[PDB]
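Below: one structure, written as structure tokens.
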Amino acid sequence: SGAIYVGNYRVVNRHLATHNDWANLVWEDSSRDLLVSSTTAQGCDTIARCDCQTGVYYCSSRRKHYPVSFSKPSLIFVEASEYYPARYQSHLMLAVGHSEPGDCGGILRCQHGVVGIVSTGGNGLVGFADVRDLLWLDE
Ligand SMILES: Cn1ncc2ccc(CN3C[C@H](C(N)=O)CCC3=O)cc21
Ligand SMILES: [Zn+2]
Numbered sequence: 007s008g009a010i011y012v013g014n015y016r017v018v019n020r021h022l023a024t025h026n027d028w029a030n031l032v033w034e035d036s037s038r039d040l041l042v043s044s045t046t047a048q049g050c051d052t053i054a055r056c057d058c059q060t061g062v063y064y065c066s067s068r069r070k071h072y073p074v075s076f077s078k079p080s081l082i083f084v085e086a087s088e089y090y091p092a093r094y095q096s097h098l099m100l101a102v103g104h105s106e107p108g109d110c111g112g113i114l115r116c117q118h119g120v121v122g123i124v125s126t127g128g129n130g131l132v133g134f135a136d137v138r139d140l141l142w143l144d145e
């Protein structure tokens, strides 16, 4: 689990969105595993606006943060789960590192701020849903 709080927005994995997230829906994209809902309180997370390929992510299944190199956001084939059939997930970045399904929502951050959240994995590769292109999160 995990979320990003910026301005009057909450960014979560679409497959983990609650009834309250769907009742206050701003934007969602099944192909990216992202959903953004509105909040009453102001969030103070900083979103990165960059092309970094190195950062640190939080892994809840290890209670640890790991430094990784990661690919640029791209269209990657993702195997079926209980939440989606097999499909291409867009704006996804991979890194060599540990993750389990319950790690979704862990934040990946670079020197400039929040880059994305854990969304996919397996075989020693962790995948992050990028949020750096969502320029509207900041206004
Ligand atoms: C984060 N992670 N680490 C290992 C692993 C193994 C399997 C999965 C399967 N999966 C992928 C889904 C998607 N984004 O298409 C989101 C929900 C989900 O359980 C995720 C995994
Ligand atoms: Zn950066």
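Note that the sequence shown covers residues 7 to 145 in the entry's author numbering. The C-beta atom is built at its ideal place from N, Cα and C for all residues, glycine as well.
Out of the options, which one is the CA nearest neighbour of residue i?
{"i": "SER87", "options": "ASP144, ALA101 and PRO107", "result": "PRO107"}
{"i": "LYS78", "options": "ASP109, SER67 and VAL121", "result": "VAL121"}
{"i": "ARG38", "options": "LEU143, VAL124, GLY128 and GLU145", "result": "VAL124"}
{"i": "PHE76", "options": "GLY8, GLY127 and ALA23", "result": "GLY127"}
{"i": "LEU140", "options": "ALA29, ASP35 and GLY8", "result": "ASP35"}
{"i": "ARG69", "options": "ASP144, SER7 and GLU145", "result": "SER7"}
Note the first and the last residue of the continuous beta strand (DSSP E) segment covering residue i.
{"i": "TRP142", "result": "No beta strand (DSSP E) contains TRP142, which DSSP labels as neither H nor E."}
{"i": "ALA47", "result": "40 to 50"}
{"i": "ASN19", "result": "10 to 19"}
{"i": "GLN95", "result": "93 to 102"}
{"i": "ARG115", "result": "113 to 116"}
{"i": "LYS70", "result": "70 to 75"}
Closer than 8 Å by C-beta to residue i: which residues in its own chain qualify, once you throw out the five before and the five after it? Chain order, please.
{"i": "residue 146", "result": "Since the first and last residues shown for the chain are 7 and 145, residue 146 lies out of range."}
{"i": "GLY49", "result": "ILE10, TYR11, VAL12, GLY13, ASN14, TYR15 and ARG16"}
{"i": "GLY130", "result": "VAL102, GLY103 and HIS104"}
{"i": "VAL32", "result": "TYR15, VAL42, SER43 and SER44"}
Excluding the 5 residues preceding and the 5 following residue i in the sequence, name in chain order all residues of the same chain whose CB lies nearer than 6 Å to its CB.
{"i": "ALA92", "result": "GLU85 and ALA86"}
{"i": "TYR64", "result": "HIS71, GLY112 and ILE113"}
Output needed for residue i: all residues of its chain with C-beta closer than 7 Å, excluding positions within five of it in sequence on either side, in chain order.
{"i": "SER80", "result": "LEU98"}
{"i": "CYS116", "result": "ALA54, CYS56, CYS58, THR60 and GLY61"}
{"i": "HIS118", "result": "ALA54, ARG55, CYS56 and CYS58"}
{"i": "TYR89", "result": "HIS21"}
{"i": "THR52", "result": "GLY119 and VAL120"}
{"i": "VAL18", "result": "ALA9, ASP27, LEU41 and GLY111"}
{"i": "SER66", "result": "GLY108, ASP109 and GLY112"}
Can you tell me where the alpha helix (DSSP H) with residue i in it begins and where it stops?
{"i": "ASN30", "result": "First-last for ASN30: undefined, no H or E at that position."}
Let me check you understand the geometry: is the CB of residue i closer than 6 Å to at least one non-hydrogen atom of ligand 4?
{"i": "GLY128", "result": "Ligand 4 is not part of the structure shown, which contains ligand 1 and ligand 2 as its ligands."}
Would you check if the segment 128 to 140 and the segment 83 to 103 touch, i.e. whether three or more CB-CB distances between them fall below 8 Å?
yes
What residues sit near ligand 2, counting only those whose C-beta is closer than 6 Å to one of its heavy atoms, in chain order?
The answer, residue by residue, is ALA54, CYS56, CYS58, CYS116, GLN117 and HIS118.
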